[PDB]
Amino acid sequence: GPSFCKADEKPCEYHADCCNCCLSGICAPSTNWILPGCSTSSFXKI
């Protein structure tokens, strides 16, 4: 089955259900260098 991930801009409270980072009021991927939110590191590998 597919995973739970939406696109960016989608505003929400947590990033877990988004392939980026839910910040101020939008799912933004730019959150892994200057702003703490969700480390998008290639850890979930196979």
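This deposition comes from solution NMR.
Including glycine, each Cβ sits where the backbone N, Cα and C put it.
Summarising the annotation, Swiss-Prot assigns 4-hydroxyproline to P2, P11, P29. For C5-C19, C12-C22, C18-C27, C21-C38, the entry in Swiss-Prot reads disulfide bond.
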Key: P2, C5, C19, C38 screened against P11 (4-hydroxyproline), Cα within 10 Å - retained recorded positions   = none
Inquiry  = Using a 10 Å cut-off on CB atoms, tell me which of the disulfide-bonded residues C5, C12, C18, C21, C38 is the least crowded.
reply    = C5
Query = Including all protein chains shown, what's the count of other C-beta atoms within 10 A of the C-beta of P29 (4-hydroxyproline)?
reply = 16
Ask   = Out of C19, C22, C27, which of the disulfide-bonded residues has the smallest number of neighbouring Cβ atoms within 10 Å?
value = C19
Request  = Pop the Cα-Cα gap between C19 (disulfide bond) and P29 (4-hydroxyproline) into the table, whole Å please.
outcome  = 7
